[PDB]
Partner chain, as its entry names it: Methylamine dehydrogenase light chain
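So this first bit is one chain, no partners, the form solved without its partner chain, shown in structure tokens.
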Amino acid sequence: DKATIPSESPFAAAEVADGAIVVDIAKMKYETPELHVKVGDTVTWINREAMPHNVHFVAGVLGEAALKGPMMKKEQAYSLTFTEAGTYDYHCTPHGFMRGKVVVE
């Protein structure tokens, strides 16, 4: 696999340390749609609105299987640690027009 999952379930935004790497989700967009990190970094999505969203990497991207994150309600967070260099696309399962990508170097 190319990523591990710190928490299978969504968790409180407030637990995210200031300075952590964060992709915000507001107004039906991933607010940082092309994110550059380094191998080993933890990326955290935080949902800033009431419409639930997730991040969804299709089969083959982060591993054999799809990685379909849990739906996040308002002020909930979800994280993935990227363990291998490359570029990984993802979208929001119910909102397929919402697309982003992580570039791991």
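Numbering follows the first chain given and starts at 1.
Here the subject shifts to the form solved in complex with its partner chain, a form of this protein not shown in this document.
- Using a 4.5 Å cut-off to its partner chain in the entry with it bound, not one of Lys2, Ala65 and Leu80 places a heavy atom inside that distance.
- At the 4.5 Å threshold, heavy atoms of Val39 stay clear of its partner chain in the entry with it bound, well away from it.
- Contact annotation for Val61: none of its heavy atoms lies within 4.5 Å of its partner chain in the entry with it bound.
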